[PDB]
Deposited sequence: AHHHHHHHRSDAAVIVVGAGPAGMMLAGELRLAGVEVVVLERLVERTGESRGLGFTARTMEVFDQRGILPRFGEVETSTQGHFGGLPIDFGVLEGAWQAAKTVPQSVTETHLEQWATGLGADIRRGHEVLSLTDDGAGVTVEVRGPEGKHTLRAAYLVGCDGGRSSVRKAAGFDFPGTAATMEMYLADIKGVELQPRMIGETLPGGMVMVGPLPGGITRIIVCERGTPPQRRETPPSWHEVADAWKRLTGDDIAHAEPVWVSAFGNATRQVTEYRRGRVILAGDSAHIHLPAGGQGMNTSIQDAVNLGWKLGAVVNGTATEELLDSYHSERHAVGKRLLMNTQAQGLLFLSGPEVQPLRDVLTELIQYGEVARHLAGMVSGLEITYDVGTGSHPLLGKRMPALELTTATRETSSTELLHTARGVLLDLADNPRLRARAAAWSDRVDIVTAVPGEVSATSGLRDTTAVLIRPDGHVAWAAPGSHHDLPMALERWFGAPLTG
């Protein structure tokens, strides 16, 4: 297989596998180097957000998952919120283990022709502005690979970040917590957590008679034996579970850091390699998958020569902003979860505020990722920069949807008012952008789609331009996200 690719991805976690699939959709030759021979089989995370559900759906990935339980029951820092107040938030997957999601993403990417090389550890890396050479240890021993670009999707302790000179400011961990998947004992469920006099606790069932416990005890300084975790449980809850059978026991911290640059030269980061934090609020995997979704189409266009690196710079500006918000979100939730009775007054105030619809929707927007808004220029149209909500469509020949039209990761221009001029203005981008004339289905008052005659949708599903109500014109938007018009 040896020696060259267009893009090398380090790491086959959720970020790397989603990225690999996205690059394949862009027609890019991609090699993934993963040190592990076999998926860790972990599933620290359970379920995924409504926005993650949507980014899967828009690539036609969901049938791989079969029937998936969804839920509108949410929380913020353990404060319950009905996320059903926010349109589309219902799409959150409740229970799917991270290992299962990873499996489907790997199978998808591989099916698309990603060259995934397991048992290959990147030991080091080099970048001169022509390319990136990595040294790798595989089954064949030590060897080198070179590509135009290298993406570190190699996790919170990223070799790539360390080697490629990224600055990683933030705060050092101040506490160690535990999780344990266990058998034998039946415990009273606490799906959104339980505030205790000396900390916090989560309890929940998993298939095969497994109970998952999350143990966050007061005053613990930052692989754990089961009995210290049991001892932590006993002190917190008063209940002895030392007799249980430990399936998996793990430790984690609250170190919170983010790279100042998502790209240095030809070396880019996506996922935990760019941002680490307390895993509070079910955000890390979701954000990491979504980093890859932002990146893949852009890096693909650059590799394909259809876009300049101005486009590539927008991965940094858009995702650094999301990552900053991620750190705020998780730190805020962590404070509410983990601080003692001291923080109760603030829990109580926030609880009162949650009773207002705008607050419930605000927090739901933050947790679900449905709030995410990119700078695509100004205008009155409510959807600018936001994700395109699912929209049913009837064309001259078929019934389809915005979601389905995104399966090939192209741009999509919806002509919702049969305007042939619109079709002609954009025809110079028709090699990169599918121009679809359709009658739209019924849309809600709050969807942002009422009275909309046209929408330009980026390959990631975000709205770049809409009519009416964009200050920038359509060709400006097409040029910004798709590059130069075709020469007639």
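Q: I have the full deposited sequence and the modelled structure. Can you tell me which residue ranges, counted from 1, have no C-alpha coordinates?
A: Missing CA coords at 1-7, 230-234.
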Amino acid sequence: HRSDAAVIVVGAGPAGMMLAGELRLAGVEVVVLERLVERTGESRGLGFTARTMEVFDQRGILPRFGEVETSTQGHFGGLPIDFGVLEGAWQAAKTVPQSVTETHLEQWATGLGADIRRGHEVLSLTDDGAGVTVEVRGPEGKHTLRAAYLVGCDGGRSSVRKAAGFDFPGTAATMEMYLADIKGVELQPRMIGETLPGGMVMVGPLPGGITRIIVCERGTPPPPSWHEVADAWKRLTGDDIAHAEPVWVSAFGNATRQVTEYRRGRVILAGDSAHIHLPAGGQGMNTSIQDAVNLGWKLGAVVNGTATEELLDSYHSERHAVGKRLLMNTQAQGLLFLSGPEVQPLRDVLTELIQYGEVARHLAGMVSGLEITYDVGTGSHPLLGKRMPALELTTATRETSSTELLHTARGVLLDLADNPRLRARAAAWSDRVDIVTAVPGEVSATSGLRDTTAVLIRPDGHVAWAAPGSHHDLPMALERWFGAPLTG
From here on, numbers count along this sequence of modelled residues.
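Q: Looking at the deposited entry, does 477-485 or 1-9 carry the larger mean Cα B-factor?
A: According to the entry, 1-9 carries the higher average C-alpha B-factor.
Q: Comparing 428-436 with 37-45, where is the mean C-alpha B-factor higher?
A: On average, C-alpha B-factors are higher across 37-45.
Q: Divide the modelled residues of the chain into thirds by Cα B-factor and specify which third, lowest, middle or highest, holds residue 411.
A: According to the entry, residue 411 has a C-alpha B-factor in the chain's lowest third.
Q: Considering only modelled residues of the same chain, in which third does the CA B-factor of residue 31 rank: lowest, middle or highest?
A: Ranked within chain, residue 31 CA B lands in the lowest tercile.
Q: Which third of the chain holds residue 347 when residues are ordered by C-alpha B factor: lowest, middle or highest?
A: According to the entry, residue 347 has a C-alpha B-factor in the chain's lowest third.
Q: Taking only the Cα B-factors deposited for this chain, tell me whether residue 115 sits in the lowest, middle or highest third.
A: It belongs to the lowest third of the chain when residues are ordered by C-alpha B-factor.
Q: Compare the C-alpha B factor of residue 220 with those of the other modelled residues in its chain, then answer lowest, middle or highest third.
A: For residue 220, whose C-alpha B-factor we compare with every modelled residue in the chain, the answer is the highest third.
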